[PDB]
file work_14.csv (CSV, C-alpha atoms and all ligand atoms)
chain,number,residue,atom,x,y,z
A,1,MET,CA,117.1,101.6,65.7
A,2,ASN,CA,115.3,99.2,63.5
A,3,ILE,CA,115.0,98.2,59.8
A,4,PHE,CA,112.8,101.1,58.9
A,5,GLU,CA,115.1,103.7,60.5
A,6,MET,CA,118.1,101.9,59.0
A,7,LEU,CA,116.8,101.9,55.5
A,8,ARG,CA,115.6,105.5,55.9
A,9,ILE,CA,119.2,106.5,56.7
A,10,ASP,CA,120.6,104.5,53.7
A,11,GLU,CA,118.0,105.5,51.1
A,12,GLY,CA,117.0,109.0,52.1
A,13,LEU,CA,113.5,110.5,51.3
A,14,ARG,CA,112.6,112.3,48.1
A,15,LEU,CA,109.1,113.2,47.0
A,16,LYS,CA,109.9,113.7,43.3
A,17,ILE,CA,111.2,111.1,40.9
A,18,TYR,CA,115.0,110.9,41.0
A,19,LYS,CA,117.7,108.5,39.7
A,20,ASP,CA,119.3,106.1,42.2
A,21,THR,CA,123.0,105.3,42.3
A,22,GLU,CA,122.6,103.0,39.3
A,23,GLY,CA,120.9,105.7,37.2
A,24,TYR,CA,117.4,104.2,37.6
A,25,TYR,CA,114.1,106.2,38.2
A,26,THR,CA,113.2,106.0,41.8
A,27,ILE,CA,111.0,107.8,44.3
A,28,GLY,CA,110.3,108.1,48.1
A,29,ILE,CA,112.6,105.9,50.3
A,30,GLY,CA,114.5,104.0,47.6
A,31,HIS,CA,111.4,102.7,45.8
A,32,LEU,CA,112.7,101.7,42.3
A,33,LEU,CA,110.1,102.5,39.7
A,34,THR,CA,111.8,101.1,36.6
A,35,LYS,CA,115.1,100.3,34.9
A,36,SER,CA,113.7,101.8,31.6
A,37,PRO,CA,115.4,105.1,30.5
A,38,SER,CA,111.9,106.6,29.8
A,39,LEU,CA,110.7,109.1,32.4
A,40,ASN,CA,107.2,108.5,31.0
A,41,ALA,CA,107.5,104.8,31.8
A,42,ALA,CA,108.6,105.7,35.4
A,43,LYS,CA,105.6,108.1,35.8
A,44,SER,CA,103.2,105.4,34.6
A,45,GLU,CA,104.7,102.9,37.2
A,46,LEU,CA,104.4,105.6,39.9
A,47,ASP,CA,100.7,106.3,39.1
A,48,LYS,CA,100.0,102.6,39.1
A,49,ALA,CA,101.9,102.2,42.5
A,50,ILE,CA,100.0,105.1,44.2
A,51,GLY,CA,96.6,104.6,42.5
A,52,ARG,CA,96.3,108.2,41.1
A,53,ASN,CA,97.6,110.5,38.5
A,54,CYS,CA,100.8,111.8,40.3
A,55,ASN,CA,102.7,113.6,37.6
A,56,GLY,CA,106.0,112.5,39.3
A,57,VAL,CA,105.3,113.9,42.8
A,58,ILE,CA,104.0,112.1,46.0
A,59,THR,CA,103.4,113.0,49.6
A,60,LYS,CA,105.4,111.8,52.6
A,61,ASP,CA,102.5,109.5,53.6
A,62,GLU,CA,102.5,108.0,50.1
A,63,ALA,CA,106.3,107.5,50.2
A,64,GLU,CA,106.0,105.8,53.6
A,65,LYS,CA,103.3,103.5,52.3
A,66,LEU,CA,105.5,102.3,49.5
A,67,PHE,CA,108.3,101.9,52.0
A,68,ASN,CA,106.2,99.7,54.3
A,69,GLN,CA,105.2,97.6,51.3
A,70,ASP,CA,108.8,97.3,50.1
A,71,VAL,CA,110.1,96.3,53.5
A,72,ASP,CA,107.3,93.7,53.9
A,73,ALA,CA,108.0,92.3,50.4
A,74,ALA,CA,111.8,92.0,51.1
A,75,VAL,CA,111.1,90.0,54.2
A,76,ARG,CA,108.5,87.8,52.6
A,77,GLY,CA,110.9,87.3,49.7
A,78,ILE,CA,113.8,86.2,52.0
A,79,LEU,CA,111.5,83.7,53.7
A,80,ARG,CA,110.4,82.2,50.4
A,81,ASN,CA,114.0,81.9,49.1
A,82,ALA,CA,115.7,78.6,49.7
A,83,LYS,CA,119.2,80.2,49.9
A,84,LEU,CA,118.3,83.2,52.0
A,85,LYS,CA,115.8,81.8,54.5
A,86,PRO,CA,118.4,79.5,56.3
A,87,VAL,CA,120.7,82.5,56.6
A,88,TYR,CA,118.0,84.8,58.0
A,89,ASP,CA,116.8,82.1,60.4
A,90,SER,CA,120.4,81.6,61.7
A,91,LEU,CA,120.9,85.3,62.5
A,92,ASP,CA,120.0,87.5,65.4
A,93,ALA,CA,117.6,90.5,64.9
A,94,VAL,CA,120.3,93.1,64.2
A,95,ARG,CA,122.1,91.0,61.6
A,96,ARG,CA,118.7,90.1,60.0
A,97,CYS,CA,118.3,93.8,59.4
A,98,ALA,CA,121.6,93.8,57.5
A,99,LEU,CA,120.2,91.0,55.3
A,100,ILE,CA,116.9,92.8,54.6
A,101,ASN,CA,118.9,96.0,53.8
A,102,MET,CA,121.0,94.2,51.2
A,103,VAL,CA,117.9,92.5,49.6
A,104,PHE,CA,116.1,95.9,49.6
A,105,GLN,CA,119.1,97.5,47.7
A,106,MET,CA,120.0,94.7,45.3
A,107,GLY,CA,117.1,92.2,45.3
A,108,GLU,CA,116.9,88.5,46.3
A,109,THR,CA,118.8,87.1,43.4
A,110,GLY,CA,121.7,89.4,43.8
A,111,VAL,CA,122.1,88.7,47.6
A,112,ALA,CA,121.6,84.9,47.0
A,113,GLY,CA,124.7,85.1,44.7
A,114,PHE,CA,126.9,86.0,47.8
A,115,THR,CA,127.2,82.2,48.3
A,116,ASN,CA,130.6,82.3,50.1
A,117,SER,CA,129.7,85.3,52.4
A,118,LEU,CA,126.3,83.6,53.3
A,119,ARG,CA,128.1,80.4,54.3
A,120,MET,CA,130.5,82.4,56.5
A,121,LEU,CA,127.6,84.3,58.1
A,122,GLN,CA,125.8,81.0,58.8
A,123,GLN,CA,129.0,79.7,60.4
A,124,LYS,CA,129.2,82.9,62.5
A,125,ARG,CA,132.6,83.7,61.1
A,126,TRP,CA,131.9,87.4,61.4
A,127,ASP,CA,135.3,89.0,60.6
A,128,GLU,CA,135.9,86.6,57.7
A,129,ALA,CA,132.4,87.2,56.3
A,130,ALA,CA,133.0,91.0,56.6
A,131,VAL,CA,136.2,90.6,54.5
A,132,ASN,CA,134.5,88.5,51.9
A,133,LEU,CA,131.5,90.8,51.6
A,134,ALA,CA,133.8,93.8,50.7
A,135,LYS,CA,135.2,91.8,47.6
A,136,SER,CA,132.1,92.8,45.6
A,137,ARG,CA,130.8,95.3,43.0
A,138,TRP,CA,128.3,96.2,45.7
A,139,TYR,CA,131.0,97.4,48.1
A,140,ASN,CA,133.0,99.2,45.4
A,141,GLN,CA,130.0,101.1,44.0
A,142,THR,CA,128.4,102.0,47.4
A,143,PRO,CA,131.3,101.8,49.9
A,144,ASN,CA,129.8,104.0,52.6
A,145,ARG,CA,126.6,102.1,52.7
A,146,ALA,CA,128.3,98.7,52.3
A,147,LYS,CA,130.7,99.6,55.2
A,148,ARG,CA,127.7,100.3,57.5
A,149,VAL,CA,125.9,97.1,56.5
A,150,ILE,CA,129.1,95.1,56.9
A,151,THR,CA,129.8,96.6,60.3
A,152,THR,CA,126.3,95.6,61.4
A,153,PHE,CA,127.0,92.0,60.2
A,154,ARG,CA,130.4,92.0,61.9
A,155,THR,CA,129.4,93.4,65.3
A,156,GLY,CA,125.7,92.6,65.6
A,157,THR,CA,125.2,96.2,66.9
A,158,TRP,CA,123.8,99.3,65.4
A,159,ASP,CA,127.1,101.3,65.9
A,160,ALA,CA,127.4,102.2,62.2
A,161,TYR,CA,123.9,103.9,62.3
A,162,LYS,CA,124.1,105.9,65.6
A,163,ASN,CA,126.1,109.1,64.4
A,164,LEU,CA,123.2,109.7,62.1
B,1,CL,CL,104.6,98.9,44.0
B,2,CL,CL,114.8,99.4,46.8
B,3,CL,CL,127.6,104.6,49.5

call {"tool": "encode", "arguments": {"input": "work_14.csv", "output": "structure tokens", "more": "lines below"}}
Ligand SMILES: [Cl-]
Ligand SMILES: [Cl-]
Ligand SMILES: [Cl-]
result
Amino acid sequence: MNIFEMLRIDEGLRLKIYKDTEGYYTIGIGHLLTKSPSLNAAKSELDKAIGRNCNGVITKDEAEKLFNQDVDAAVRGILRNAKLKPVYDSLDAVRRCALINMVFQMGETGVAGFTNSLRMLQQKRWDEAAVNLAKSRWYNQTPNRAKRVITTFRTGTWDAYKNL
């Protein structure tokens, strides 16, 4: 298991534009196109992203290219963020993947707002961090995913991703 396999489990793979859990136009492996309610706006973003006229459909190769770019951008983002970077640097490789997963799902700003959880993670208070992380809109709106990510942060194992 690794970050790519982990996010592939959490995000799925769809080759036509769809709406994510928040109602937003998305394609591939959780690649958010736009928060606009205009399908035409989403299609324009997709064409720009892929570099051709797609008409809302991409190949598996194209979806994986976007995915690679998106994972790379999440990591670079963490490393450029004054609040996230120290947390990331403090963690082992398995828990670092938890952090990338959260950033991939909700963005840097949103994760950086988990101030109290981030402090508990940096202190390596794993059970307490896990309890605090669940007191969140994130957990209530995507509880199965949040439970897997939280278990990863709590155990520093991939146990939550191995029946899948
Ligand atoms: Cl892009
Ligand atoms: Cl995403
Ligand atoms: Cl979920």

call {"tool": "closest_residue", "arguments": {"input": "work_14.csv", "among": "A:78, A:164, A:15, A:149", "to": "ligand CL 3 (chain B)", "atoms": "all atoms listed in the file"}}
result
A:149

call {"tool": "residues_around", "arguments": {"input": "work_14.csv", "residues": "residue 76 in chain A", "least_positions_apart": "3", "cutoff": "12 Å", "atoms": "all atoms listed in the file", "output": "list in words"}}
result
residues 69, 70, 71, 72, 73, 79, 80, 81, 84, 85, 88, 100, 103, 104 and 108 of chain A

call {"tool": "closest_residue", "arguments": {"input": "work_14.csv", "among": "A:68, A:32, A:157, A:130", "to": "residue 96 in chain A", "atoms": "only C-alpha atoms"}}
result
A:157

call {"tool": "residues_near_ligand", "arguments": {"input": "work_14.csv", "ligand": "ligand CL 1 (chain B)", "cutoff": "10 Å", "atoms": "all atoms listed in the file", "output": "number ranges by chain"}}
result
A: 31-33, 45-51, 65-67, 69-70, 73

call {"tool": "write_last_selection", "arguments": {"input": "work_14.csv", "atoms": "C-alpha atoms", "output": "PDB file, in the coordinates of the input"}}
result
ATOM      1  CA  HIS A  31     111.400 102.700  45.800  1.00  0.00           C
ATOM      2  CA  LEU A  32     112.700 101.700  42.300  1.00  0.00           C
ATOM      3  CA  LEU A  33     110.100 102.500  39.700  1.00  0.00           C
ATOM      4  CA  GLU A  45     104.700 102.900  37.200  1.00  0.00           C
ATOM      5  CA  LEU A  46     104.400 105.600  39.900  1.00  0.00           C
ATOM      6  CA  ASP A  47     100.700 106.300  39.100  1.00  0.00           C
ATOM      7  CA  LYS A  48     100.000 102.600  39.100  1.00  0.00           C
ATOM      8  CA  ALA A  49     101.900 102.200  42.500  1.00  0.00           C
ATOM      9  CA  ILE A  50     100.000 105.100  44.200  1.00  0.00           C
ATOM     10  CA  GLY A  51      96.600 104.600  42.500  1.00  0.00           C
ATOM     11  CA  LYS A  65     103.300 103.500  52.300  1.00  0.00           C
ATOM     12  CA  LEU A  66     105.500 102.300  49.500  1.00  0.00           C
ATOM     13  CA  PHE A  67     108.300 101.900  52.000  1.00  0.00           C
ATOM     14  CA  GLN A  69     105.200  97.600  51.300  1.00  0.00           C
ATOM     15  CA  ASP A  70     108.800  97.300  50.100  1.00  0.00           C
ATOM     16  CA  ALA A  73     108.000  92.300  50.400  1.00  0.00           C
TER      17      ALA A  73
END

call {"tool": "closest_residue", "arguments": {"input": "work_14.csv", "among": "A:21, A:155, A:40, A:163", "to": "ligand CL 3 (chain B)", "atoms": "only C-alpha atoms and all ligand atoms"}}
result
A:21

call {"tool": "closest_residue", "arguments": {"input": "work_14.csv", "among": "A:58, A:98, A:41, A:29", "to": "ligand CL 2 (chain B)", "atoms": "all atoms listed in the file"}}
result
A:29

call {"tool": "residues_near_ligand", "arguments": {"input": "work_14.csv", "ligand": "ligand CL 3 (chain B)", "cutoff": "9 Å", "atoms": "all atoms listed in the file", "output": "PyMOL selection string"}}
result
chain A and resi 10+21+139-147

call {"tool": "atom_distance", "arguments": {"input": "work_14.csv", "atom1": "CA of residue 161 in chain A", "atom2": "CA of residue 148 in chain A"}}
result
7.1 Å

call {"tool": "atom_distance", "arguments": {"input": "work_14.csv", "atom1": "CA of residue 151 in chain A", "atom2": "CA of residue 133 in chain A"}}
result
10.6 Å

call {"tool": "closest_residue", "arguments": {"input": "work_14.csv", "among": "A:6, A:61, A:95, A:102", "to": "ligand CL 2 (chain B)", "atoms": "all atoms listed in the file"}}
result
A:102

call {"tool": "closest_residue", "arguments": {"input": "work_14.csv", "among": "A:1, A:59, A:150, A:86", "to": "residue 17 in chain A", "atoms": "only C-alpha atoms"}}
result
A:59

call {"tool": "atom_distance", "arguments": {"input": "work_14.csv", "atom1": "CA of residue 160 in chain A", "atom2": "CA of residue 82 in chain A"}}
result
29.2 Å

call {"tool": "residues_around", "arguments": {"input": "work_14.csv", "residues": "residue 116 in chain A", "least_positions_apart": "5", "cutoff": "10 Å", "atoms": "all atoms listed in the file", "output": "ChimeraX atom specification"}}
result
/A:121,129,132-133

call {"tool": "build_atoms", "arguments": {"input": "work_14.csv", "residues": "range 83-95 of chain A", "atoms": "N, CA, C and O atoms", "output": "mmCIF file, in the coordinates of the input"}}
result
data_model
loop_
_atom_site.group_PDB
_atom_site.id
_atom_site.type_symbol
_atom_site.label_atom_id
_atom_site.label_comp_id
_atom_site.auth_asym_id
_atom_site.auth_seq_id
_atom_site.Cartn_x
_atom_site.Cartn_y
_atom_site.Cartn_z
ATOM 1 N N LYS A 83 117.825 79.841 49.498
ATOM 2 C CA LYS A 83 119.200 80.200 49.900
ATOM 3 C C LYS A 83 119.247 81.195 51.034
ATOM 4 O O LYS A 83 120.098 81.075 51.922
ATOM 5 N N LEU A 84 118.323 82.151 51.048
ATOM 6 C CA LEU A 84 118.300 83.200 52.000
ATOM 7 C C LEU A 84 117.666 82.840 53.332
ATOM 8 O O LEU A 84 118.095 83.264 54.395
ATOM 9 N N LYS A 85 116.604 82.055 53.261
ATOM 10 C CA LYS A 85 115.800 81.800 54.500
ATOM 11 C C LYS A 85 116.687 81.125 55.574
ATOM 12 O O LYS A 85 116.607 81.571 56.713
ATOM 13 N N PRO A 86 117.492 80.113 55.277
ATOM 14 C CA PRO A 86 118.400 79.500 56.300
ATOM 15 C C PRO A 86 119.337 80.506 56.926
ATOM 16 O O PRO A 86 119.666 80.398 58.116
ATOM 17 N N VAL A 87 119.816 81.450 56.121
ATOM 18 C CA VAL A 87 120.700 82.500 56.600
ATOM 19 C C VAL A 87 120.008 83.388 57.593
ATOM 20 O O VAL A 87 120.439 83.587 58.694
ATOM 21 N N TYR A 88 118.893 83.945 57.138
ATOM 22 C CA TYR A 88 118.000 84.800 58.000
ATOM 23 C C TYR A 88 117.637 84.058 59.285
ATOM 24 O O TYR A 88 117.773 84.641 60.355
ATOM 25 N N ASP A 89 117.195 82.806 59.216
ATOM 26 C CA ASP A 89 116.800 82.100 60.400
ATOM 27 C C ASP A 89 117.993 81.880 61.384
ATOM 28 O O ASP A 89 117.794 81.783 62.597
ATOM 29 N N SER A 90 119.218 81.847 60.853
ATOM 30 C CA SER A 90 120.400 81.600 61.700
ATOM 31 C C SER A 90 120.853 82.883 62.464
ATOM 32 O O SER A 90 121.615 82.791 63.437
ATOM 33 N N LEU A 91 120.386 84.054 62.019
ATOM 34 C CA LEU A 91 120.900 85.300 62.500
ATOM 35 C C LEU A 91 120.045 85.907 63.631
ATOM 36 O O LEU A 91 118.842 85.667 63.730
ATOM 37 N N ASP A 92 120.698 86.686 64.474
ATOM 38 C CA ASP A 92 120.000 87.500 65.400
ATOM 39 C C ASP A 92 119.322 88.705 64.708
ATOM 40 O O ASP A 92 119.558 88.950 63.526
ATOM 41 N N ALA A 93 118.491 89.427 65.453
ATOM 42 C CA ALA A 93 117.600 90.500 64.900
ATOM 43 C C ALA A 93 118.374 91.622 64.225
ATOM 44 O O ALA A 93 117.925 92.117 63.200
ATOM 45 N N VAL A 94 119.498 92.041 64.799
ATOM 46 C CA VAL A 94 120.300 93.100 64.200
ATOM 47 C C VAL A 94 120.907 92.702 62.888
ATOM 48 O O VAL A 94 120.780 93.411 61.883
ATOM 49 N N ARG A 95 121.534 91.529 62.856
ATOM 50 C CA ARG A 95 122.100 91.000 61.600
ATOM 51 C C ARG A 95 121.034 90.706 60.551
ATOM 52 O O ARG A 95 121.292 90.844 59.373
#
